[PDB]
Amino acid sequence: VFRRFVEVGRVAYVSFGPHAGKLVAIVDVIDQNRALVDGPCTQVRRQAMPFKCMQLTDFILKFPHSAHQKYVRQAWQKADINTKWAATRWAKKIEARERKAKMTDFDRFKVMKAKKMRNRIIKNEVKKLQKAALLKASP
Amino acid sequence: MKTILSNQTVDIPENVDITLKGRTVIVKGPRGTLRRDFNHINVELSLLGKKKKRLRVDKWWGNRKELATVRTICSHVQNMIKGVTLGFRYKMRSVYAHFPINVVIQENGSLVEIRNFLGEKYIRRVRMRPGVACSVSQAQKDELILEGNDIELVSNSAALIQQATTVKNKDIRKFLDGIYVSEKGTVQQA
Amino acid sequence: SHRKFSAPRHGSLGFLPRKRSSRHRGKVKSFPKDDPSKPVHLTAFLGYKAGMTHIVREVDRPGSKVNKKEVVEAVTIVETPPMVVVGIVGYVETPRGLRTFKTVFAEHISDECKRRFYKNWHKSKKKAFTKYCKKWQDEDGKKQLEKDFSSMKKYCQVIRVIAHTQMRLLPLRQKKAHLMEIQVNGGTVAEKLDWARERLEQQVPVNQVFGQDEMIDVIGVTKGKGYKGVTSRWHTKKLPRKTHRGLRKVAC
Amino acid sequence: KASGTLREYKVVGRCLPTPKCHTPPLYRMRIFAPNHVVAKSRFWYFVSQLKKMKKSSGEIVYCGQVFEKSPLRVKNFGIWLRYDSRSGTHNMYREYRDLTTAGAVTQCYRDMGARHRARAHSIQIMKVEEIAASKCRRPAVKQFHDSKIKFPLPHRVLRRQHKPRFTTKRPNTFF
Amino acid sequence: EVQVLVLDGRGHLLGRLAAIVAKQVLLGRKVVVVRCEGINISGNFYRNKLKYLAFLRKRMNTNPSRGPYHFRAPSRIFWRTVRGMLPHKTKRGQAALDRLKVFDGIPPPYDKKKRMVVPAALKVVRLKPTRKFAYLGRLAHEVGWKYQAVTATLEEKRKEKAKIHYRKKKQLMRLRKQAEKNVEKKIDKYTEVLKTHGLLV
Amino acid sequence: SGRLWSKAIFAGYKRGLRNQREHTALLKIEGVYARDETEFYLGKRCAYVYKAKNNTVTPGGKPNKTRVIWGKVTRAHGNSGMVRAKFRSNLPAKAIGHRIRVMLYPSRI
RNA sequence: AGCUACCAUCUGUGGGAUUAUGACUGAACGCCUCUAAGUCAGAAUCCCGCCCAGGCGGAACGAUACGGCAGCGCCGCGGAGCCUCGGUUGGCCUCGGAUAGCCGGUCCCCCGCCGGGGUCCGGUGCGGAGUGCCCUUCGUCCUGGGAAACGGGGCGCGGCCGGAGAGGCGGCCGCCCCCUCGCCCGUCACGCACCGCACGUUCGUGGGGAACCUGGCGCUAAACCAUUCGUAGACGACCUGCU
RNA sequence: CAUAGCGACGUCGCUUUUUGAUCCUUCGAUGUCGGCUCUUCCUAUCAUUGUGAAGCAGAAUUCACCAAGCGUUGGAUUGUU
RNA sequence: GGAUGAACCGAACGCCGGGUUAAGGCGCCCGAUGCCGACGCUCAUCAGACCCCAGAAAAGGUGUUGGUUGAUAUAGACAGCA
Ligand SMILES: [Mg+2]
Ligand SMILES: [Mg+2]
Ligand SMILES: [Mg+2]
Ligand SMILES: [Mg+2]
Ligand SMILES: [Mg+2]
Ligand SMILES: [Mg+2]
Ligand SMILES: [Mg+2]
Ligand SMILES: [Mg+2]
Ligand SMILES: [Mg+2]
Ligand SMILES: [Mg+2]
Ligand SMILES: [Mg+2]
Ligand SMILES: [Mg+2]
Ligand SMILES: [Mg+2]
Ligand SMILES: [Mg+2]
Ligand SMILES: [Mg+2]
Ligand SMILES: [Mg+2]
Ligand SMILES: [Mg+2]
Ligand SMILES: [Mg+2]
Ligand SMILES: [Mg+2]
Ligand SMILES: [Mg+2]
C-alpha cells in the first residue's frame with residue numbers, strides 16, 4: 001500500500017514553517033513526531049523539525065544515520081536532486097503557482113485575451129468532432 | 001507507547017489463491033469461495049509470495065488495544081484458508097433422559113426440526129445459515145453433522161440449535177437434556 | 001402523598017381529543033398493505049345502518065359448551081347498494097409521504113353525485129364538470145388523457161377510485177350522494193389501472209367486494225350526545241348525597 | 001512554578017562571610033527554569049532543603065545559562081526525580097529522546113503533568129544525565145534504536161480545515 | 001457570498017456542521033443542506049440513541065401538545081440543532097432561520113447543481129479512525145422516521161441518472177482532450193502564453 | 001462596467017457580551033480571513049447604500065431613492081480578518097447581514 | 001319511541017432496533033476467553049404500526065359571476081403613466097464515493113451499439129486540479145493578417161423528447177428573416193475631452209396595488225343569510241331538502 | 001464449607017416517606033388532622049414478561065439483574081394515618 | 001466576569017473620543033484562536049468540562065498508562081503439545 005516511508009536519507013518538502021517551500025533530507029528520527037533535518041544544498045542548516053510540516057517525496061539518499069553535513073552535502077551533490085526535483089511535475093506545479101500569484105494586471109489582461117481565443121478554437125474543434133461523430137447510424 | 005510496526009505473516013498453500021481489493025480478502029479454493037472484508041480495522045495488506053504466496057499484514061503506530069487486531073485478522077485468514085481447502089464439520093450429540101430427541105432434516109439440510117425435546121408437543125424450527133449443510137449422520141445413534149465453508153456461519157448455526165434446546169424453570173445441573181456440540185472437526189481429513 | 005388504594009384510571013387515553021368529528025362520512029385512514037401476488041380487488045365500501053335484529057344458528061366450535069348446539073346472536077343489517085365509480089386518483093411516494101399526483105374523472109356524472117360539490121343544489125345551475133367532460137370527445141382531450149394514464153402508469157405507486165352511492169335507491173330524505181376514495185389492491189400499477197379503466201361508469205356490487213363469513217372492520221361516527229357531564233363522559237365515580245356543590249362532578 | 005521553554009542554568013552560591021568561616025564553601029547546582037529569575041529562586045529553595053542556608057544569609061556568585069555541548073546530536077536522557085502524588089511522594093526514572101538537556105526536562109514536565117497530573121511545583125528533578133542506547137530501559141525509547149528504521153505516515157489529517165472553509169472536493173489522506 | 005450555498009451532509013458531524021452553517025446564515029447568506037440522513041454523529045449508535053430517547057421523554061406533563069415538538073425527520077433534526085445555535089427568539093434569529101433550508105435526499109431544485117462540502121466539519125478529518133460513529137438516517141429510522149425506505153429507493157434513482165450524466169461528461173472531456181491534440185499548430189501560441197503565466201501547467 | 005468595490009458584510013457592532021458600542025462596527029470583507037490580509041484594507045473607505053420611499057439628491061445626477069452612509073475602515077478586529085469601521089452616523093441595526101462596499105478611494109498603492 | 005345497565009349484546013392488533021442474559025469466531029496474553037475488531041438469539045422495556053386529532057403545512061380536481069354594459073380571465077411585454085416594498089452589482093447545467101487509498105485512459109471477456117469485470121498505460125501533495133473552470137462589456141469608421149466560413153442572432157414560427165421527490169426546467173428537429181457582423185493581432189480616426197471628486201456599473205422589462213387607452217381568444221358561477229331537516233345541537237357549528 | 005443464604009467486632013455512605021436541630025420566608029391571615037374522589041410521577045419490584053444463582057430432584061421457596069407497561073382488593077373495630 | 005446571585009475574582013463611578021489591560025474568555029448563540037498551536041491521557045449502554053458553586057465516600061478492575069521493588073531467561077524463559 002504505502003510507498004513513501006520516513007527513513008534516513010528520505011527527501012521531504014517543507015510545506016510550512018520558517019523554511020516553507022524548501023527541500024530537506026532526514027538525518028535521524030526522534031520521538032515519533034520530529035526528526036533531525038539537514039538540507040545543505042537548499043540552505044537549511046541542521047535542526048529538529050516536526051513531521052506535520054513534512055511532505056514525503058520520492059527521493060531517498062544513501063548515507064548512514066547521524067552522518068555529518070559533509071557526507072549529506074556530497075550525497076545531495078553526487079546524484080544531484082536539484083535538477084531532478086525541478087524536472088518533476090511537483091516542482092513546476094509549485095513554480096506555476098508562484099508566477100500565477102505574482103501575475104500583474106497587464107499580464108492578467110494578456111492571459112484573458114489568450115484564454116478567449118484558445119477556448120473558442122478548441123470549442124469549435126469539439127463542435128467539429130461532435131458532428132463528425134454524429135455520422136453514426138448502425139443496427 | 002506506540003509500536004512502530006507489528007507485522008504478522010501467514011502462508012498460503014499453492015492450491016488456493018488470494019486476491020486483495022483494498023481490505024477485502026477473496027479466497028478461491030477447491031471447496032468454494034470465501035470473501036470477507038476488514039474495512040473496520042486500519043491495517044496494510046501485502047502479498048509477498050509470487051512463488052509461495054506469503055501474505056503479510058502490517059500495523060503502524062498502534063497502541064496495545066489495536067495490536068491485538070493484527071493476529072485477529074491472521075486467524076481469520078487461516079480460518080478462510082482452512083475452510084476453502086478442508087471445510088468445517090461440527091458434530092452435535094443429542095442427550096436425553098426419558099424423552100428421546102427426534103430430529104428431522106428438511107430440504108437440502110438447511111432446516112432442522114426438533115420434535116420431542118423434553119416431551120413437549122412444541123415443534124422447534126431452526127433455520128441454518130446459507131451455505132451451511134446439516135444432516136443426520138449414519139455413524140452413531142445420535143449425531144448431527146454441520147458442514148460448511150465458514151467457521152463463522154457453521155458454529156453460529158450449531159449454537160442456534162444448542163441454545164434452542166434450553167431447559168427452563170428447572171435445575172439445569174440435573175436436567176442434562178439438550179443438543180450439545182461434541183467436537184469441531186474437518187472434512188476430507190487432509 | 002400517594003393515594004391509599006391504587007385503582008385503574010378512567011377512560012382511555014387513545015381517544016383524548018374528545019371533539020365532534022370533523023367529517024361525517026368517516027375516512028378509511030388505513031388501506032390494506034398491497035401485495036402484487038393477489039389478483040385485482042377492492043378494499044372499501046359504503047353502507048347505511050338500517051337497524052339490528054337477532055338470528056339463530058348452529059355452532060361449529062369444537063371443545064366449547066355450545067358445540068353442535070343452537071345459539072342466538074344479535075346482528076346488524078346495513079344496506080349496501082352497488083357503487084358507481086366516477087374517478088381515479090393515483091398517489092406518488094414522496095420523502096414527505098404521499099401526494100395526489102393527478103386525478104382523472106369520467107364522463108356522464110350522475111345528478112345525485114354532482115350534488116356533493118354543491119352546498120345549494122337548488123339555487124345552483126348545475127354547472128360542475130360541464131367543461132371537463134367536453135375533453136372526453138375532442139381530439140385534444142383524449143390525447144391528453146392517455147398521457148395522464150401513462151404518467152400515472154410510470155410514476156404512481158397506488159391508485160384509488162372515487163365512487164358514489166346511489167341515493168335514489170335509498171328511502172332516506174337525503175338525496176346527496178357520498179363520495180369516497182377506495183384503494184385498488186392486488187397487482188401491478190399497469191394492471192390495476194387497466195381494470196379501473198374498464199370499471200368506469202359501472203356498478204360495483206358488494207359481492208365483488210366482500211364475501212361470506214369473513215372478518216372486516218367498520219369505520220364511522222358514533223351517536224351524538226351533545227354536552228355531557230363527567231359522570232357520563234368519563235364514567236367516573238359519583239359523589240355522595242351529602243355533597244354541597246353537587247355530586248355529579250370530579251372532586252380533585 | 002510555571003513552564004514555557006526551560007533553560008539550563010549553572011548557579012553557584014555560598015553563605016555570607018562570617019567571623020567563624022571567612023570563606024564558606026561554594027556550591028554549584030543545575031536549575032532548569034524559564035528564566036534566571038526563577039533559577040535563582042529555586043536555587044535558594046534547593047540549598048535550603050540540603051544545607052542550612054538562606055537567601056538573606058548567603059549570596060549567589062554566578063548564574064549563567066548552560067548551552068548544550070552537542071545540540072546537533074540525538075541523545076537519550078535518563079531523568080531521575082521525585083514528586084508528590086495525591087497520596088505520597090514517589091521517585092521516578094523517565095527516559096526521553098531530545099537534542100538538548102533543557103528540552104528533555106521540558107518534555108518530562110509535560111509528560112508528568114499529562115500522565116500523573118503533577119504540577120511543576122510538585123515535580124522535583126534531581127539528576128539529568130545522557131546515557132548510552134544499550135543502557136536505556138523504556139521500550140518507547142528502545143524502538144528508536146534502529147540503524148535501518150523505516151515507517152510511513154499512514155493517516156495525514158488535514159490541518160488547513162478553514163482554507164478554504166467551503167470547497168467541492170473532499171480531502172485526501174493517503175500520501 | 002451572495003449566491004445560495006448548497007452543502008451535502010454526507011460524512012459530516014452534526015454539531016460541527018451546524019456551527020459553521022449557523023454563522024453563515026447570520027451573515028445574510030442563504031444556505032441549503034441536502035441529504036441530512038448522511039450526517040454522522042460521534043459516539044457509538046446505542047449511546048446516541050439513548051441521547052435522543054431521553055430527549056423524547058422531555059415533554060410537558062400538563063399538556064404534551066404544548067411540549068417540545070420532537071421532530072423525527074433527519075432534515076428537521078439538523079434544523080432543530082441549528083435553531084439551538086441561533087437566537088431564534090428574536091426577529092434577527094427568525095430571519096436567520098428563514099435563510100436556511102434543509103432537505104432529505106436531494107430534491108430536483110438541487111439535483112442538477114454541484115454541492116459544496118465543509119472540510120472543517122468532515123467525519124474523515126475531525127474524527128479518529130478507531131472511533132465509533134452513528135448514522136442519522138438509521139437513528140431517525142429507529143426513533144420514528146417513516147421515510148428511510150422511500151428515500152433509499154429514490155436516491156437509487158438519482159444516482160443512476162447522475163451516472164449517465166457523468167459518463168456523458170466524461171465523453172465530452174475525452175472528446176476535448178483528443179480535440180486539443182488536433183488543434184495544436186494554431187493553439188501552441190496561446191498555450192505558451194499560459195505556460196509563462198502559471199495557468200495550464 | 002465593473003463592480004469596482006470589495007464586498008463586505010455588516011456583521012455587527014463592536015461589543016462585549018452585555019454591552020454594545022454602536023459608534024463603531026465590525027465587518028467581514030469577502031475573501032479576507034486572516035489578520036495579515038487586512039493590511040490592504042486599513043484606511044480604505046466604506047459605504048452603506050440603501051433605498052427609501054422619498055427622493056433624495058444625487059451629486060451630479062438626477063434625484064432618486066438612493067441613500068448612502070459614508071465611513072472608513074479603522075483597524076482589524078480579531079485574527080480571522082474581521083475589521084472595524086467608523087461611520088459618520090452609526091449604522092442602523094437593520095443593515096446587519098447586508099452588503100457594504102469598500103471604495104478603495106484612499107489607495108496607498 | 002328515545003335514553004339506558006358487564007343489569008343485555010359486540011369488539012379490542014402487527015413490526016423493528018435492542019436491555020438483562022445466554023452464546024459464535026477471535027486476539028490481547030504463540031493457552032483460554034461473549035469483546036478488544038466483528039457476529040447471533042433475546043423481552044409485559046423503548047419506538048413505530050393500528051387507532052384518535054390534523055400546522056400561520058403542502059397536493060389534485062371542478063365551477064369560476066350580464067342579458068345586459070359587465071364583470072372577469074388568458075394571450076401583447078402593447079403603449080402612456082401613478083402609488084408602494086426593497087435587496088442585489090457575472091455564472092458553473094449535478095457521479096458514486098474510500099481515506100491503512102484513489103483518479104483517468106486503453107486491450108480481451110461477458111452484460112443488449114453500451115455498462116461492468118480482468119491485463120496494460122499514465123497521474124496522485126489531487127493540474128482531466130473549486131487554491132478550479134467558463135464568459136468577460138468602451139462603441140463605432142478605413143484597414144490587412146490569422147479563427148472560421150458543416151457560422152452566428154432572432155422576447156421570429158410549427159413540431160419532437162427528456163425531466164414527477166417540490167417535475168414550472170432542460171434539450172433536440174423542420175421552416176422563414178438578418179449579418180457575412182462579431183474571436184485574436186494589426187492600420188485608421190471619431191464620439192460632450194462636461195475642465196480631481198460621492199449614490200457610477202447589474203439582476204431589471206424587479207415585486208406588489210389600483211388605474212387610462214389599446215388588439216385577439218374567450219366564460220356566463222358560487223357562497224352565506226332566510227327556510228327545511230334531526231343521523232346534530234347551550235348558542236354557534238354539523239347532517240339534509242326545496243317545478 | 002467465611003462469603004447457597006446470613007455478617008459479630010468495626011467502618012464508609014445514601015434517602016428526606018419519621019422524629020429531632022435551627023428560625024431564613026409568611027403574624028394589614030398561604031384554611032391547620034383524617035376520610036371520599038381524581039390524575040400523574042418514583043423505584044429501594046409484592047405479582048406479572050425475560051434471565052443468573054441456590055444446601056434449585058419435582059413442587060414450593062430464597063437471593064440477584066433488565067424492568068414501573070399493567071395490576072396491587074372487598075369488610076368488623078376505632079375520627080383515626 | 002462567575003449563564004443567573006447583596007458578600008466571589010477584577011476594579012469602584014462627573015459627561016465624551018482614541019488606545020491599552022485586569023479577572024475572565026476566544027465552536028454557535030456571543031467579541032475574540034477561521035493558530036496548517038505543542039506534548040501526552042481518556043470511550044463513558046447514567047463520560048468530562050474550572051474559587052465560592054451547587055452534589056459523593058470507603059472499597060474493587062487481567063480497561064488503559066506511568067513508575068517502584070523483587071524474580072526468571074540462549075547454563076534457554078513463559079505458554080502450548082506426553
Ligand atoms: Mg421449581
Ligand atoms: Mg400503591
Ligand atoms: Mg353540607
Ligand atoms: Mg356491560
Ligand atoms: Mg485458540
Ligand atoms: Mg454481553
Ligand atoms: Mg438480533
Ligand atoms: Mg426568622
Ligand atoms: Mg399576606
Ligand atoms: Mg386568603
Ligand atoms: Mg390559598
Ligand atoms: Mg431499580
Ligand atoms: Mg399508562
Ligand atoms: Mg363498613
Ligand atoms: Mg361494627
Ligand atoms: Mg456580572
Ligand atoms: Mg455558575
Ligand atoms: Mg472605551
Ligand atoms: Mg462565554
Ligand atoms: Mg464572532
# chains A, B, ... in the order shown; residues from 1 in each chain; ligands from 1
call {"tool": "residues_around", "arguments": {"residues": "residue 87 in chain E", "least_positions_apart": "5", "cutoff": "10 Å", "atoms": "only C-alpha atoms (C1' of nucleotides)", "output": "VMD selection string"}}
result
(chain E and resid 26 82 92 to 94 96 to 97) or (chain I and resid 28 to 29)
call {"tool": "write_last_selection", "arguments": {"atoms": "N, CA and C atoms (P, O5', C5', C4', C3', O3' and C1' of nucleotides)", "output": "PDB file, in the first residue's frame"}}
result
ATOM      1  N   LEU E  26     -26.361  33.845   9.767  1.00  0.00           N
ATOM      2  CA  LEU E  26     -26.401  35.141  10.430  1.00  0.00           C
ATOM      3  C   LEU E  26     -25.727  36.215   9.593  1.00  0.00           C
ATOM      4  N   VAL E  82     -29.587  23.567  14.573  1.00  0.00           N
ATOM      5  CA  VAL E  82     -29.154  24.905  14.185  1.00  0.00           C
ATOM      6  C   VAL E  82     -29.956  25.964  14.931  1.00  0.00           C
ATOM      7  N   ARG E  92     -34.174  38.858  14.364  1.00  0.00           N
ATOM      8  CA  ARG E  92     -32.987  38.541  13.580  1.00  0.00           C
ATOM      9  C   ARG E  92     -32.774  37.038  13.479  1.00  0.00           C
ATOM     10  N   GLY E  93     -32.990  36.314  14.579  1.00  0.00           N
ATOM     11  CA  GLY E  93     -32.819  34.873  14.547  1.00  0.00           C
ATOM     12  C   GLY E  93     -33.809  34.186  13.628  1.00  0.00           C
ATOM     13  N   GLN E  94     -35.074  34.613  13.673  1.00  0.00           N
ATOM     14  CA  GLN E  94     -36.071  34.058  12.765  1.00  0.00           C
ATOM     15  C   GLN E  94     -35.721  34.367  11.317  1.00  0.00           C
ATOM     16  N   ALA E  96     -32.675  34.856  10.276  1.00  0.00           N
ATOM     17  CA  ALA E  96     -31.540  33.977  10.020  1.00  0.00           C
ATOM     18  C   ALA E  96     -32.001  32.550   9.761  1.00  0.00           C
ATOM     19  N   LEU E  97     -32.989  32.081  10.523  1.00  0.00           N
ATOM     20  CA  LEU E  97     -33.501  30.730  10.324  1.00  0.00           C
ATOM     21  C   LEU E  97     -34.217  30.599   8.986  1.00  0.00           C
TER      22      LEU E  97
ATOM     23  P     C I  28     -17.647  30.978  16.909  1.00  0.00           P
ATOM     24  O5'   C I  28     -19.159  30.491  17.008  1.00  0.00           O
ATOM     25  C5'   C I  28     -19.870  30.055  15.860  1.00  0.00           C
ATOM     26  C4'   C I  28     -21.339  29.922  16.161  1.00  0.00           C
ATOM     27  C3'   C I  28     -21.914  31.019  17.037  1.00  0.00           C
ATOM     28  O3'   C I  28     -22.265  32.171  16.293  1.00  0.00           O
ATOM     29  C1'   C I  28     -22.626  28.902  17.833  1.00  0.00           C
ATOM     30  P     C I  29     -22.105  33.626  16.944  1.00  0.00           P
ATOM     31  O5'   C I  29     -23.301  33.711  17.993  1.00  0.00           O
ATOM     32  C5'   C I  29     -24.631  33.950  17.558  1.00  0.00           C
ATOM     33  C4'   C I  29     -25.645  33.423  18.540  1.00  0.00           C
ATOM     34  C3'   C I  29     -25.780  34.192  19.843  1.00  0.00           C
ATOM     35  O3'   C I  29     -26.621  35.321  19.713  1.00  0.00           O
ATOM     36  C1'   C I  29     -25.661  31.871  20.287  1.00  0.00           C
TER      37        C I  29
END
call {"tool": "residues_near_ligand", "arguments": {"ligand": "ligand 5", "cutoff": "12 Å", "atoms": "only C-alpha atoms (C1' of nucleotides) and all ligand atoms", "output": "PyMOL selection string"}}
result
(chain B and resi 71-72+75-76+78-79) or (chain G and resi 25-27+29-33) or (chain I and resi 80)
call {"tool": "write_last_selection", "arguments": {"atoms": "C-alpha atoms (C1' of nucleotides)", "output": "PDB file, in the first residue's frame"}}
result
ATOM      1  CA  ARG B  71      -3.347 -11.530  14.738  1.00  0.00           C
ATOM      2  CA  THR B  72      -7.152 -11.453  14.900  1.00  0.00           C
ATOM      3  CA  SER B  75      -6.518 -16.133  12.498  1.00  0.00           C
ATOM      4  CA  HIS B  76      -9.462 -15.142  10.297  1.00  0.00           C
ATOM      5  CA  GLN B  78      -6.202 -19.022   8.402  1.00  0.00           C
ATOM      6  CA  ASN B  79      -9.839 -19.941   9.028  1.00  0.00           C
TER       7      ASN B  79
ATOM      8  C1'   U G  25     -15.286 -16.543  15.910  1.00  0.00           C
ATOM      9  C1'   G G  26     -11.122 -14.423  17.917  1.00  0.00           C
ATOM     10  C1'   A G  27      -6.770 -11.865  19.828  1.00  0.00           C
ATOM     11  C1'   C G  29      -1.660 -12.976  26.730  1.00  0.00           C
ATOM     12  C1'   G G  30       2.213 -18.389  20.094  1.00  0.00           C
ATOM     13  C1'   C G  31      -3.389 -21.216  26.075  1.00  0.00           C
ATOM     14  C1'   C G  32      -8.195 -19.742  27.333  1.00  0.00           C
ATOM     15  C1'   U G  33     -11.804 -16.073  26.830  1.00  0.00           C
TER      16        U G  33
ATOM     17  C1'   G I  80       1.020 -24.876  24.141  1.00  0.00           C
TER      18        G I  80
END
call {"tool": "interface_residues", "arguments": {"of": "chain G", "to": "chain D", "cutoff": "7 Å", "atoms": "only C-alpha atoms (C1' of nucleotides)", "output": "PDB file with N, CA, C and O atoms (P, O5', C5', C4', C3', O3' and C1' of nucleotides), in the first residue's frame"}}
result
ATOM      1  P     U G  99     -13.076   5.109   4.899  1.00  0.00           P
ATOM      2  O5'   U G  99     -11.584   5.649   4.764  1.00  0.00           O
ATOM      3  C5'   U G  99     -10.488   4.756   4.592  1.00  0.00           C
ATOM      4  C4'   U G  99      -9.265   5.463   4.061  1.00  0.00           C
ATOM      5  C3'   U G  99      -8.599   6.423   5.039  1.00  0.00           C
ATOM      6  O3'   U G  99      -7.207   6.489   4.734  1.00  0.00           O
ATOM      7  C1'   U G  99      -9.307   7.624   3.154  1.00  0.00           C
ATOM      8  P     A G 100      -6.119   5.994   5.803  1.00  0.00           P
ATOM      9  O5'   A G 100      -5.902   4.455   5.450  1.00  0.00           O
ATOM     10  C5'   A G 100      -5.584   4.042   4.125  1.00  0.00           C
ATOM     11  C4'   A G 100      -4.958   2.668   4.102  1.00  0.00           C
ATOM     12  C3'   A G 100      -5.892   1.518   4.471  1.00  0.00           C
ATOM     13  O3'   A G 100      -5.492   0.341   3.771  1.00  0.00           O
ATOM     14  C1'   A G 100      -4.122   1.618   6.025  1.00  0.00           C
ATOM     15  P     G G 101      -6.269  -0.109   2.441  1.00  0.00           P
ATOM     16  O5'   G G 101      -5.927   1.041   1.398  1.00  0.00           O
ATOM     17  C5'   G G 101      -6.623   1.139   0.168  1.00  0.00           C
ATOM     18  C4'   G G 101      -7.179   2.525  -0.029  1.00  0.00           C
ATOM     19  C3'   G G 101      -7.841   2.798  -1.367  1.00  0.00           C
ATOM     20  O3'   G G 101      -9.168   2.311  -1.443  1.00  0.00           O
ATOM     21  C1'   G G 101      -6.367   4.560  -0.857  1.00  0.00           C
ATOM     22  P     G G 130     -11.691  20.679  -9.478  1.00  0.00           P
ATOM     23  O5'   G G 130     -11.262  22.077  -8.850  1.00  0.00           O
ATOM     24  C5'   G G 130     -11.129  22.232  -7.442  1.00  0.00           C
ATOM     25  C4'   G G 130     -11.343  23.662  -7.017  1.00  0.00           C
ATOM     26  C3'   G G 130     -11.702  23.850  -5.547  1.00  0.00           C
ATOM     27  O3'   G G 130     -11.197  25.105  -5.099  1.00  0.00           O
ATOM     28  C1'   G G 130     -13.466  24.649  -6.892  1.00  0.00           C
TER      29        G G 130
END
call {"tool": "interface_residues", "arguments": {"of": "chain F", "to": "chain E", "cutoff": "9 Å", "atoms": "only C-alpha atoms", "output": "PyMOL selection string"}}
result
chain F and resi 7+9-11+28+30+96-99
call {"tool": "residues_near_ligand", "arguments": {"ligand": "ligand 14", "cutoff": "12 Å", "atoms": "only C-alpha atoms (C1' of nucleotides) and all ligand atoms", "output": "PDB file with N, CA and C atoms (P, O5', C5', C4', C3', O3' and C1' of nucleotides), in the first residue's frame"}}
result
ATOM      1  P     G H  74     -61.654  -1.933  47.892  1.00  0.00           P
ATOM      2  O5'   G H  74     -62.667  -3.075  48.336  1.00  0.00           O
ATOM      3  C5'   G H  74     -63.631  -3.583  47.429  1.00  0.00           C
ATOM      4  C4'   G H  74     -64.453  -4.668  48.070  1.00  0.00           C
ATOM      5  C3'   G H  74     -64.955  -4.365  49.472  1.00  0.00           C
ATOM      6  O3'   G H  74     -66.134  -3.581  49.484  1.00  0.00           O
ATOM      7  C1'   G H  74     -63.921  -6.466  49.477  1.00  0.00           C
ATOM      8  P     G H  75     -66.434  -2.609  50.724  1.00  0.00           P
ATOM      9  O5'   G H  75     -66.682  -3.610  51.932  1.00  0.00           O
ATOM     10  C5'   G H  75     -66.434  -3.217  53.269  1.00  0.00           C
ATOM     11  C4'   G H  75     -66.568  -4.384  54.212  1.00  0.00           C
ATOM     12  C3'   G H  75     -66.387  -4.067  55.687  1.00  0.00           C
ATOM     13  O3'   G H  75     -67.580  -3.588  56.281  1.00  0.00           O
ATOM     14  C1'   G H  75     -65.067  -5.941  55.112  1.00  0.00           C
ATOM     15  P     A H  76     -67.527  -2.632  57.570  1.00  0.00           P
ATOM     16  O5'   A H  76     -67.081  -3.604  58.747  1.00  0.00           O
ATOM     17  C5'   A H  76     -67.968  -4.590  59.254  1.00  0.00           C
ATOM     18  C4'   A H  76     -67.535  -5.049  60.621  1.00  0.00           C
ATOM     19  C3'   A H  76     -66.957  -3.962  61.509  1.00  0.00           C
ATOM     20  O3'   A H  76     -67.963  -3.226  62.180  1.00  0.00           O
ATOM     21  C1'   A H  76     -65.529  -5.845  61.532  1.00  0.00           C
ATOM     22  P     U H  77     -67.822  -1.638  62.343  1.00  0.00           P
ATOM     23  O5'   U H  77     -66.712  -1.478  63.469  1.00  0.00           O
ATOM     24  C5'   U H  77     -66.888  -2.081  64.741  1.00  0.00           C
ATOM     25  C4'   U H  77     -65.632  -2.004  65.567  1.00  0.00           C
ATOM     26  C3'   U H  77     -64.968  -0.642  65.645  1.00  0.00           C
ATOM     27  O3'   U H  77     -65.605   0.221  66.568  1.00  0.00           O
ATOM     28  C1'   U H  77     -63.332  -2.308  65.268  1.00  0.00           C
ATOM     29  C1'   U H  78     -61.753   2.682  66.043  1.00  0.00           C
ATOM     30  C3'   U H  78     -63.125   4.534  66.579  1.00  0.00           C
ATOM     31  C4'   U H  78     -63.570   3.317  67.364  1.00  0.00           C
ATOM     32  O3'   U H  78     -63.283   5.742  67.298  1.00  0.00           O
ATOM     33  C5'   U H  78     -65.057   3.084  67.431  1.00  0.00           C
ATOM     34  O5'   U H  78     -65.580   2.703  66.171  1.00  0.00           O
ATOM     35  P     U H  78     -66.522   1.429  66.043  1.00  0.00           P
TER      36        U H  78
END
call {"tool": "interface_residues", "arguments": {"of": "chain G", "to": "chain A", "cutoff": "12 Å", "atoms": "only C-alpha atoms (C1' of nucleotides)", "output": "PyMOL selection string"}}
result
chain G and resi 100-102+112-113+123-127+129+131+133-136+146-148+150-151+183-185
call {"tool": "interface_residues", "arguments": {"of": "chain E", "to": "chain G", "cutoff": "7 Å", "atoms": "only C-alpha atoms (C1' of nucleotides)", "output": "list in words"}}
result
residues 107, 111, 112, 113, 114, 142, 143, 144, 162, 163, 166, 173 and 201 of chain E
call {"tool": "write_last_selection", "arguments": {"atoms": "N, CA and C atoms", "output": "compact mmCIF listing (two decimals), in the first residue's frame"}}
result
# COMPACT_ATOMS: atom_id res chain seq x y z
N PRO E 107 -33.59 17.05 -3.58
CA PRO E 107 -34.74 17.40 -4.41
C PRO E 107 -34.31 17.91 -5.77
N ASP E 111 -30.80 18.77 -7.52
CA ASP E 111 -30.19 17.54 -8.04
C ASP E 111 -29.23 17.83 -9.18
N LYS E 112 -29.49 18.86 -9.97
CA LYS E 112 -28.63 19.21 -11.10
C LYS E 112 -27.53 20.19 -10.73
N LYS E 113 -27.36 20.50 -9.45
CA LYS E 113 -26.41 21.52 -9.02
C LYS E 113 -25.33 20.91 -8.13
N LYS E 114 -24.09 21.35 -8.34
CA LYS E 114 -22.96 20.81 -7.61
C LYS E 114 -23.02 21.24 -6.14
N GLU E 142 -34.98 4.39 13.47
CA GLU E 142 -35.27 3.61 14.67
C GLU E 142 -35.98 4.42 15.74
N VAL E 143 -36.15 5.72 15.55
CA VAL E 143 -36.84 6.52 16.56
C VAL E 143 -38.24 6.92 16.10
N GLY E 144 -38.55 6.78 14.81
CA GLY E 144 -39.88 7.13 14.35
C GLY E 144 -40.00 7.70 12.96
N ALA E 162 -27.55 10.37 -12.35
CA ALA E 162 -26.30 11.11 -12.21
C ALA E 162 -25.16 10.42 -12.95
N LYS E 163 -25.08 9.09 -12.86
CA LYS E 163 -24.01 8.36 -13.52
C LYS E 163 -24.08 8.52 -15.03
N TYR E 166 -22.90 11.82 -15.74
CA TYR E 166 -21.46 11.86 -15.57
C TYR E 166 -20.73 11.24 -16.75
N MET E 173 -15.29 15.30 -22.07
CA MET E 173 -13.92 15.53 -21.65
C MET E 173 -12.94 14.68 -22.45
N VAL E 201 -0.32 24.16 -16.73
CA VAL E 201 0.98 23.55 -16.49
C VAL E 201 1.35 22.59 -17.62
